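J.: query00.cif is the file, holding mmCIF, C-alpha atoms and all ligand atoms:
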data_my_file
#
loop_
_atom_site.group_PDB
_atom_site.id
_atom_site.type_symbol
_atom_site.label_atom_id
_atom_site.label_comp_id
_atom_site.auth_asym_id
_atom_site.auth_seq_id
_atom_site.Cartn_x
_atom_site.Cartn_y
_atom_site.Cartn_z
ATOM 1 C CA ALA A 2 29.267 152.339 152.593
ATOM 2 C CA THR A 3 27.043 155.376 151.970
ATOM 3 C CA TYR A 4 28.611 158.853 152.097
ATOM 4 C CA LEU A 5 26.744 162.185 151.967
ATOM 5 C CA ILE A 6 28.615 165.415 151.169
ATOM 6 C CA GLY A 7 27.326 168.999 151.288
ATOM 7 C CA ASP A 8 27.747 171.822 148.752
ATOM 8 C CA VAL A 9 30.999 171.423 146.836
ATOM 9 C CA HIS A 10 30.891 174.798 145.020
ATOM 10 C CA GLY A 11 33.805 174.002 142.759
ATOM 11 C CA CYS A 12 36.068 172.930 145.635
ATOM 12 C CA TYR A 13 37.454 169.973 143.710
ATOM 13 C CA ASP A 14 40.660 169.584 145.737
ATOM 14 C CA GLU A 15 38.722 169.423 149.007
ATOM 15 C CA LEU A 16 36.192 166.985 147.542
ATOM 16 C CA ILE A 17 38.865 164.562 146.421
ATOM 17 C CA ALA A 18 40.843 164.860 149.661
ATOM 18 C CA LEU A 19 37.682 164.116 151.654
ATOM 19 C CA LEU A 20 36.820 161.109 149.475
ATOM 20 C CA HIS A 21 40.364 159.761 149.885
ATOM 21 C CA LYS A 22 40.041 160.259 153.648
ATOM 22 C CA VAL A 23 37.092 157.823 153.691
ATOM 23 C CA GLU A 24 38.600 155.578 150.948
ATOM 24 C CA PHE A 25 35.540 156.084 148.769
ATOM 25 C CA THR A 26 35.389 153.109 146.401
ATOM 26 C CA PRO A 27 32.842 153.237 143.549
ATOM 27 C CA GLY A 28 31.185 149.862 143.173
ATOM 28 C CA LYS A 29 31.356 149.242 146.923
ATOM 29 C CA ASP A 30 30.259 152.704 148.102
ATOM 30 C CA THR A 31 27.633 155.233 147.028
ATOM 31 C CA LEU A 32 28.051 159.008 147.303
ATOM 32 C CA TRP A 33 25.107 161.375 147.841
ATOM 33 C CA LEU A 34 25.719 165.041 146.944
ATOM 34 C CA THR A 35 23.428 167.884 148.118
ATOM 35 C CA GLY A 36 23.928 169.937 144.931
ATOM 36 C CA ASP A 37 25.581 173.287 144.300
ATOM 37 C CA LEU A 38 28.433 171.378 142.674
ATOM 38 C CA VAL A 39 29.571 174.528 140.897
ATOM 39 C CA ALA A 40 30.361 178.235 141.359
ATOM 40 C CA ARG A 41 32.680 180.325 143.577
ATOM 41 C CA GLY A 42 35.363 177.669 144.019
ATOM 42 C CA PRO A 43 37.902 177.353 141.220
ATOM 43 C CA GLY A 44 37.194 173.854 139.992
ATOM 44 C CA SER A 45 33.584 173.621 138.806
ATOM 45 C CA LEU A 46 34.747 171.965 135.571
ATOM 46 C CA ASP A 47 36.689 169.217 137.344
ATOM 47 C CA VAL A 48 33.844 168.676 139.834
ATOM 48 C CA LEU A 49 31.302 168.117 137.083
ATOM 49 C CA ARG A 50 33.640 165.832 135.115
ATOM 50 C CA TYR A 51 34.301 163.672 138.174
ATOM 51 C CA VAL A 52 30.707 163.523 139.434
ATOM 52 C CA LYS A 53 29.360 162.606 135.995
ATOM 53 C CA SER A 54 31.983 159.859 135.707
ATOM 54 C CA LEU A 55 30.682 158.225 138.912
ATOM 55 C CA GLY A 56 27.460 157.081 137.218
ATOM 56 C CA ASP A 57 25.385 154.825 139.474
ATOM 57 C CA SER A 58 27.858 155.373 142.329
ATOM 58 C CA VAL A 59 26.533 158.918 142.863
ATOM 59 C CA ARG A 60 23.068 160.208 143.776
ATOM 60 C CA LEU A 61 22.938 163.944 143.109
ATOM 61 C CA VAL A 62 20.244 166.543 143.672
ATOM 62 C CA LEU A 63 20.377 169.854 141.817
ATOM 63 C CA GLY A 64 20.925 173.086 143.751
ATOM 64 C CA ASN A 65 20.224 176.712 142.968
ATOM 65 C CA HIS A 66 23.741 177.324 141.610
ATOM 66 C CA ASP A 67 23.535 174.275 139.350
ATOM 67 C CA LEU A 68 20.306 175.686 137.897
ATOM 68 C CA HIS A 69 21.895 179.120 137.548
ATOM 69 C CA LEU A 70 24.805 177.578 135.619
ATOM 70 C CA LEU A 71 22.307 175.951 133.277
ATOM 71 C CA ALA A 72 20.620 179.322 132.790
ATOM 72 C CA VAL A 73 23.950 180.955 131.926
ATOM 73 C CA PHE A 74 24.789 178.149 129.496
ATOM 74 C CA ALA A 75 21.420 178.543 127.752
ATOM 75 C CA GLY A 76 21.848 182.319 127.380
ATOM 76 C CA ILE A 77 19.028 183.044 129.856
ATOM 77 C CA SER A 78 21.097 184.651 132.626
ATOM 78 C CA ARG A 79 24.237 186.739 132.869
ATOM 79 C CA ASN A 80 27.546 185.183 133.901
ATOM 80 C CA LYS A 81 28.781 186.675 137.168
ATOM 81 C CA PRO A 82 32.591 186.842 137.358
ATOM 82 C CA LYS A 83 32.612 185.803 141.023
ATOM 83 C CA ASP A 84 31.035 182.417 140.149
ATOM 84 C CA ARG A 85 34.171 181.429 138.158
ATOM 85 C CA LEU A 86 32.139 179.416 135.655
ATOM 86 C CA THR A 87 34.007 180.423 132.498
ATOM 87 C CA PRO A 88 36.384 177.390 132.221
ATOM 88 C CA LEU A 89 33.382 175.071 132.491
ATOM 89 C CA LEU A 90 31.298 177.137 130.043
ATOM 90 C CA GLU A 91 34.171 177.207 127.514
ATOM 91 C CA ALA A 92 35.159 173.553 127.929
ATOM 92 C CA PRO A 93 34.939 171.357 124.820
ATOM 93 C CA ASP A 94 32.786 168.917 126.795
ATOM 94 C CA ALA A 95 30.448 171.612 128.174
ATOM 95 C CA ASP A 96 27.481 170.266 126.179
ATOM 96 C CA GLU A 97 28.021 166.698 127.457
ATOM 97 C CA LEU A 98 28.459 167.834 131.072
ATOM 98 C CA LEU A 99 25.543 170.258 131.180
ATOM 99 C CA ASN A 100 23.099 168.050 129.290
ATOM 100 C CA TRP A 101 23.969 165.411 131.886
ATOM 101 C CA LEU A 102 23.524 167.912 134.727
ATOM 102 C CA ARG A 103 20.070 169.048 133.647
ATOM 103 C CA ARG A 104 18.847 165.411 133.653
ATOM 104 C CA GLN A 105 19.649 164.881 137.335
ATOM 105 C CA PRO A 106 16.989 164.777 140.041
ATOM 106 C CA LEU A 107 15.804 167.421 142.442
ATOM 107 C CA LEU A 108 14.968 164.735 145.015
ATOM 108 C CA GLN A 109 16.546 161.438 146.087
ATOM 109 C CA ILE A 110 14.708 158.837 148.190
ATOM 110 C CA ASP A 111 16.081 155.611 149.673
ATOM 111 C CA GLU A 112 13.227 153.731 151.326
ATOM 112 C CA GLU A 113 15.458 151.093 152.926
ATOM 113 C CA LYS A 114 17.413 153.850 154.680
ATOM 114 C CA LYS A 115 14.275 155.959 155.230
ATOM 115 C CA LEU A 116 16.372 158.771 153.827
ATOM 116 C CA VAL A 117 15.369 161.745 151.676
ATOM 117 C CA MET A 118 17.718 164.321 150.119
ATOM 118 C CA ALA A 119 17.020 167.640 148.402
ATOM 119 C CA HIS A 120 19.187 170.734 148.067
ATOM 120 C CA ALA A 121 17.309 172.961 150.523
ATOM 121 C CA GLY A 122 15.226 170.298 152.290
ATOM 122 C CA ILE A 123 11.515 169.408 152.196
ATOM 123 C CA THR A 124 8.956 172.103 152.882
ATOM 124 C CA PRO A 125 6.605 171.101 155.733
ATOM 125 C CA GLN A 126 3.691 171.866 153.365
ATOM 126 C CA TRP A 127 4.549 168.738 151.328
ATOM 127 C CA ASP A 128 3.909 165.097 152.037
ATOM 128 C CA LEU A 129 6.157 162.585 150.283
ATOM 129 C CA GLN A 130 3.774 161.874 147.393
ATOM 130 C CA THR A 131 3.526 165.593 146.620
ATOM 131 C CA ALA A 132 7.288 166.098 146.863
ATOM 132 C CA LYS A 133 7.767 163.225 144.400
ATOM 133 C CA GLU A 134 5.218 164.588 141.942
ATOM 134 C CA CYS A 135 6.657 168.112 142.095
ATOM 135 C CA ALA A 136 10.204 166.861 141.608
ATOM 136 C CA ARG A 137 9.028 164.804 138.622
ATOM 137 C CA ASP A 138 7.318 167.831 137.029
ATOM 138 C CA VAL A 139 10.367 170.091 137.238
ATOM 139 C CA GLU A 140 12.769 167.284 136.245
ATOM 140 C CA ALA A 141 10.560 166.733 133.206
ATOM 141 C CA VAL A 142 10.914 170.337 132.058
ATOM 142 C CA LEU A 143 14.663 170.435 132.791
ATOM 143 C CA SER A 144 15.302 167.247 130.824
ATOM 144 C CA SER A 145 13.248 168.379 127.818
ATOM 145 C CA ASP A 146 14.414 170.087 124.652
ATOM 146 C CA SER A 147 12.595 173.204 125.851
ATOM 147 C CA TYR A 148 14.440 173.604 129.157
ATOM 148 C CA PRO A 149 15.638 177.223 128.495
ATOM 149 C CA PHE A 150 12.025 178.425 128.659
ATOM 150 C CA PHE A 151 11.646 176.918 132.128
ATOM 151 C CA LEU A 152 15.010 178.283 133.266
ATOM 152 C CA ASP A 153 13.789 181.735 132.296
ATOM 153 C CA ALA A 154 10.499 181.199 134.097
ATOM 154 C CA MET A 155 12.092 179.890 137.307
ATOM 155 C CA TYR A 156 13.292 183.274 138.563
ATOM 156 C CA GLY A 157 10.879 184.836 141.045
ATOM 157 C CA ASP A 158 9.932 184.878 144.713
ATOM 158 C CA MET A 159 6.175 184.177 144.473
ATOM 159 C CA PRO A 160 3.954 182.298 145.076
ATOM 160 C CA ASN A 161 5.377 181.265 148.473
ATOM 161 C CA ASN A 162 2.478 179.115 149.713
ATOM 162 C CA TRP A 163 1.826 175.618 148.403
ATOM 163 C CA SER A 164 -1.585 174.534 147.156
ATOM 164 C CA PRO A 165 -2.500 171.538 144.967
ATOM 165 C CA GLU A 166 -4.457 174.135 142.953
ATOM 166 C CA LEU A 167 -1.307 175.968 141.854
ATOM 167 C CA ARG A 168 -0.878 175.922 138.087
ATOM 168 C CA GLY A 169 1.555 177.023 135.434
ATOM 169 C CA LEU A 170 4.413 179.407 136.072
ATOM 170 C CA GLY A 171 3.607 179.907 139.751
ATOM 171 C CA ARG A 172 3.486 176.168 140.405
ATOM 172 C CA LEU A 173 6.932 175.614 138.846
ATOM 173 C CA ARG A 174 8.421 178.667 140.558
ATOM 174 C CA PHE A 175 7.182 177.481 143.960
ATOM 175 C CA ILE A 176 8.502 173.955 143.384
ATOM 176 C CA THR A 177 11.914 175.294 142.342
ATOM 177 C CA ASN A 178 12.096 177.652 145.310
ATOM 178 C CA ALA A 179 11.045 174.968 147.805
ATOM 179 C CA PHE A 180 13.668 172.479 146.608
ATOM 180 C CA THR A 181 16.562 174.842 145.926
ATOM 181 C CA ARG A 182 16.176 178.130 147.846
ATOM 182 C CA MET A 183 14.157 177.473 151.034
ATOM 183 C CA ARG A 184 15.543 178.333 154.462
ATOM 184 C CA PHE A 185 12.968 180.054 156.695
ATOM 185 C CA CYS A 186 9.234 179.497 156.914
ATOM 186 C CA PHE A 187 6.376 181.423 158.413
ATOM 187 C CA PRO A 188 4.448 179.510 161.119
ATOM 188 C CA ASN A 189 1.937 178.287 158.522
ATOM 189 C CA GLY A 190 4.780 176.837 156.417
ATOM 190 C CA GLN A 191 4.876 179.590 153.798
ATOM 191 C CA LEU A 192 8.336 180.247 152.359
ATOM 192 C CA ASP A 193 10.366 183.361 153.115
ATOM 193 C CA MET A 194 12.656 184.173 150.180
ATOM 194 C CA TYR A 195 14.750 186.947 151.717
ATOM 195 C CA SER A 196 16.454 186.027 154.985
ATOM 196 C CA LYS A 197 19.636 183.938 154.642
ATOM 197 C CA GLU A 198 20.865 184.363 158.224
ATOM 198 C CA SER A 199 21.361 181.779 160.928
ATOM 199 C CA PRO A 200 18.205 180.845 162.871
ATOM 200 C CA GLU A 201 19.391 182.878 165.868
ATOM 201 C CA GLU A 202 19.684 186.019 163.706
ATOM 202 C CA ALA A 203 16.340 185.737 161.973
ATOM 203 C CA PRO A 204 13.418 188.039 162.805
ATOM 204 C CA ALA A 205 10.259 186.652 164.337
ATOM 205 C CA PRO A 206 8.046 184.870 163.416
ATOM 206 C CA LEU A 207 10.517 183.212 161.011
ATOM 207 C CA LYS A 208 11.603 179.670 161.900
ATOM 208 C CA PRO A 209 13.677 177.113 159.975
ATOM 209 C CA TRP A 210 11.662 174.877 157.675
ATOM 210 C CA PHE A 211 12.848 171.893 159.714
ATOM 211 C CA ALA A 212 11.460 173.437 162.936
ATOM 212 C CA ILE A 213 7.902 173.091 161.594
ATOM 213 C CA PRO A 214 6.446 169.564 161.853
ATOM 214 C CA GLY A 215 5.924 168.103 158.408
ATOM 215 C CA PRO A 216 4.870 164.633 157.286
ATOM 216 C CA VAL A 217 8.094 163.832 155.442
ATOM 217 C CA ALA A 218 10.328 164.872 158.324
ATOM 218 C CA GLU A 219 8.093 162.875 160.658
ATOM 219 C CA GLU A 220 8.689 159.650 158.724
ATOM 220 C CA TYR A 221 12.097 160.070 157.005
ATOM 221 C CA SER A 222 15.519 161.434 157.753
ATOM 222 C CA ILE A 223 16.252 164.471 155.580
ATOM 223 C CA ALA A 224 19.730 165.391 154.389
ATOM 224 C CA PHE A 225 20.265 168.735 152.697
ATOM 225 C CA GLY A 226 22.861 171.378 151.926
ATOM 226 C CA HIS A 227 22.320 174.964 150.786
ATOM 227 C CA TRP A 228 22.001 176.823 154.105
ATOM 228 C CA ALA A 229 25.632 177.688 154.790
ATOM 229 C CA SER A 230 24.879 180.182 157.572
ATOM 230 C CA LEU A 231 23.454 177.257 159.574
ATOM 231 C CA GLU A 232 27.037 175.910 159.685
ATOM 232 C CA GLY A 233 25.560 172.409 159.897
ATOM 233 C CA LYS A 234 24.402 173.028 163.480
ATOM 234 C CA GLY A 235 21.133 173.446 165.314
ATOM 235 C CA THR A 236 19.054 170.763 163.643
ATOM 236 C CA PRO A 237 16.671 168.288 165.330
ATOM 237 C CA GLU A 238 17.018 164.512 165.269
ATOM 238 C CA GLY A 239 16.821 163.107 161.757
ATOM 239 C CA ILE A 240 17.722 166.397 160.030
ATOM 240 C CA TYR A 241 21.236 166.542 158.563
ATOM 241 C CA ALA A 242 22.498 169.963 157.427
ATOM 242 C CA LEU A 243 25.606 169.076 155.429
ATOM 243 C CA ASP A 244 26.606 172.490 153.996
ATOM 244 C CA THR A 245 29.427 173.777 156.218
ATOM 245 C CA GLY A 246 30.591 176.401 153.745
ATOM 246 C CA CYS A 247 33.688 175.003 152.068
ATOM 247 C CA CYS A 248 33.753 177.627 149.310
ATOM 248 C CA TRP A 249 33.470 180.345 151.993
ATOM 249 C CA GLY A 250 36.579 179.276 153.880
ATOM 250 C CA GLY A 251 34.633 176.881 156.075
ATOM 251 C CA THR A 252 34.816 173.107 155.669
ATOM 252 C CA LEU A 253 33.556 170.329 153.429
ATOM 253 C CA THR A 254 31.576 167.800 155.474
ATOM 254 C CA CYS A 255 30.997 164.109 154.713
ATOM 255 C CA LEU A 256 28.600 161.925 156.699
ATOM 256 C CA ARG A 257 28.808 158.143 156.558
ATOM 257 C CA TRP A 258 25.259 156.859 156.888
ATOM 258 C CA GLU A 259 25.908 153.449 158.441
ATOM 259 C CA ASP A 260 27.525 154.765 161.638
ATOM 260 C CA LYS A 261 26.608 158.482 161.307
ATOM 261 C CA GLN A 262 30.314 159.199 161.414
ATOM 262 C CA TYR A 263 31.391 162.670 160.247
ATOM 263 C CA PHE A 264 34.584 163.477 158.337
ATOM 264 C CA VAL A 265 35.666 167.052 157.656
ATOM 265 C CA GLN A 266 38.037 168.582 155.091
ATOM 266 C CA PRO A 267 39.340 172.117 155.830
ATOM 267 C CA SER A 268 38.913 174.628 153.032
ATOM 268 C CA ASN A 269 42.214 175.301 151.269
ATOM 269 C CA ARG A 270 41.354 179.019 151.394
HETATM 270 MN MN MN A 301 25.494 176.603 148.152
HETATM 271 MN MN MN A 302 22.177 176.680 147.546
#
How does the structure come out when it is put into structure tokens?
T.:
Amino acid sequence: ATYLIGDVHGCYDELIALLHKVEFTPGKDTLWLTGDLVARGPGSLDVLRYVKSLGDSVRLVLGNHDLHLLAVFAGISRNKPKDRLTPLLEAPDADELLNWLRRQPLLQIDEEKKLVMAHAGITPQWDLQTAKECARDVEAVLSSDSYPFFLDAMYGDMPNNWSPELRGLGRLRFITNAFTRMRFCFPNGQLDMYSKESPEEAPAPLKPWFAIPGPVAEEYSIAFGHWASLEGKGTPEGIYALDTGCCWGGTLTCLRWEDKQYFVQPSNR
């Protein structure tokens, strides 16, 4: 069976309870995770240990909080107490866990399932070939010995419009923002980096990225997490918003792909 789970955010107890609910069995089953494995919940260290141990039985994409953790680890960014990352950062296996984490993809594709996953989704300005190339470029910098330089460069809100002519810092910043921070788009597909509200609360002319026709969404199902204020609701056919806000007192959601059956684990908070 194939299971897809939204942002875990250190909610290790809820993750394990949900996996036991579906009798997740590595070697027979595969788990897809939308990223944001860490921060806010209390168990980021246990989450990363478990997810790394799954090996080929997990398909992860990196989220904005995973990248922020890497930036803190590398001395690029300041540790915020509310993220509760200190046990992970001080763990004796922190190097092993975080060097594993920075080698994971920004994008997962299963052609037999016609299924694509990224943390925030797929901008309508990208076709599949471009999404693949952009994921490869950022994965290459994150997996290199020089990844702290990229982590420092990644912060920023511009450029917010894709072009194949983008180069250098702006190209990487756009790619990172599209995969890990996107929510709303302008009608032409350009990213808005400020509004984090539900679609009903957003100001015109902002619309969700998935409300703008794009070539990937037209051919593939897209699963994503990230946008907690969506509460997993309000998406069109073939768009699966899996982040139902477990770390916020909401729920952890798991979708089984074969029958599109949902399973939900209440937050312990
Ligand atoms: Mn999140
Ligand atoms: Mn996120």
J.: Neighbours of ligand MN 302 (chain A) within 8 Å, counting only C-alpha atoms and all ligand atoms, as a list in words?
T.: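 Residues satisfying the distance criterion: residues 8, 36, 37, 64, 65, 66, 120, 121, 181, 182, 226, 227 and 228 of chain A.
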J.: Quick one: of A:103, A:239, A:35, A:59, who's nearest to ligand MN 301 (chain A), counting all atoms listed in the file?
T.: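 Closest candidate: A:35.
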J.: May I ask for the distance between CA of residue 189 (chain A) and CA of residue 110 (chain A), given in Å to one decimal place?
T.: 25.5 Å
J.: Within 10 Å of residue 32 (chain A), counting all atoms listed in the file, which residues show up once you throw out same-chain ones fewer than 3 positions away? Write them as a list in words, please.
T.: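 The filter keeps residues 2, 3, 4, 5, 6, 20, 25, 26, 27, 52, 55, 57, 58, 59, 60, 61, 255, 256 and 257 of chain A.
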J.: Using Å and a single decimal, report how far atom MN of ligand MN 301 (chain A) sits from CA of residue 13 (chain A).
T.: 14.4 Å
J.: Hey, what's within 9 Å of residue 115 (chain A) if we count only C-alpha atoms and toss same-chain stuff fewer than 5 positions away? As a list in words, please?
T.: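 What passes the distance filter is residues 110, 220, 221, 222 and 223 of chain A.
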J.: Taking all atoms listed in the file into account, which of A:131, A:237, A:170, A:270 comes nearest residue 251 (chain A)?
T.: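 With all atoms listed in the file as the atom set, the closest residue is A:270.
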J.: I need the output of the PyMOL selection byres (((chain A and resi 199) around 10) and not hetatm) for this file as a PyMOL selection string; which residues are they?
T.: chain A and resi 184-185+196-198+200-203+209+228-232+234-235
J.: Write out as AutoDock Vina command-line options an axis-aligned box for region 39-48 of chain A: all of its atoms listed in the file, 8 Å added on each side, centre and edge lengths in Å with one decimal.
T.:
--center_x 33.7 --center_y 174.5 --center_z 139.8 --size_x 24.3 --size_y 27.6 --size_z 24.4
J.: Every residue with an atom at most 12 Å from (31.4, 180.0, 140.3) (file coordinates; all atoms listed in the file) is what I'm after, so could you write them as a VMD selection string?
T.: chain A and resid 9 to 12 37 to 46 48 65 to 67 69 to 70 73 80 to 90 248 to 249
J.: Take the PyMOL selection byres (((chain A and resi 267) around 10) and not hetatm), apply it to the structure above, and return the hits as a tab-separated table (two decimals) with C-alpha atoms, in the coordinates of the input.
T.:
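As a result, result23.tsv now contains:
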chain	number	residue	atom	x	y	z
A	15	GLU	CA	38.72	169.42	149.01
A	18	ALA	CA	40.84	164.86	149.66
A	19	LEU	CA	37.68	164.12	151.65
A	246	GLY	CA	30.59	176.40	153.74
A	247	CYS	CA	33.69	175.00	152.07
A	250	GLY	CA	36.58	179.28	153.88
A	251	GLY	CA	34.63	176.88	156.07
A	252	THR	CA	34.82	173.11	155.67
A	253	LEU	CA	33.56	170.33	153.43
A	254	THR	CA	31.58	167.80	155.47
A	265	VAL	CA	35.67	167.05	157.66
A	266	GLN	CA	38.04	168.58	155.09
A	268	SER	CA	38.91	174.63	153.03
A	269	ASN	CA	42.21	175.30	151.27
A	270	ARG	CA	41.35	179.02	151.39
J.: Between A:75, A:34, A:154, A:132, which is the closest to ligand MN 301 (chain A) once you count only C-alpha atoms and all ligand atoms?
T.: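 Closest to ligand MN 301 (chain A), using only C-alpha atoms and all ligand atoms: A:34.
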J.: Take CA of residue 113 (chain A) and CA of residue 245 (chain A) and report the distance between them in Å, one decimal.
T.: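 Taking CA of residue 113 (chain A) as the start and CA of residue 245 (chain A) as the end point, the length is 26.8 Å.
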J.: Between A:102, A:167, A:242, A:192, which one has atoms that come closest to ligand MN 301 (chain A), using only C-alpha atoms and all ligand atoms?
T.: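 Closest candidate: A:242.
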J.: Which one is closest to ligand MN 301 (chain A): A:155, A:243, A:179, A:95? Count all atoms listed in the file.
T.: A:243
J.: Need to verify the contact set: residue 134 (chain A), 12 Å, all atoms listed in the file, exclusion of same-chain residues closer than 3 positions in sequence. Can you return it as a ChimeraX atom specification?
T.: /A:106-108,127-131,137-141,165,172-173,176
J.: Pick from A:122, A:171, A:157, A:215: nearest to residue 195 (chain A), with all atoms listed in the file counted?
T.: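 Smallest distance to residue 195 (chain A) is found for A:157.
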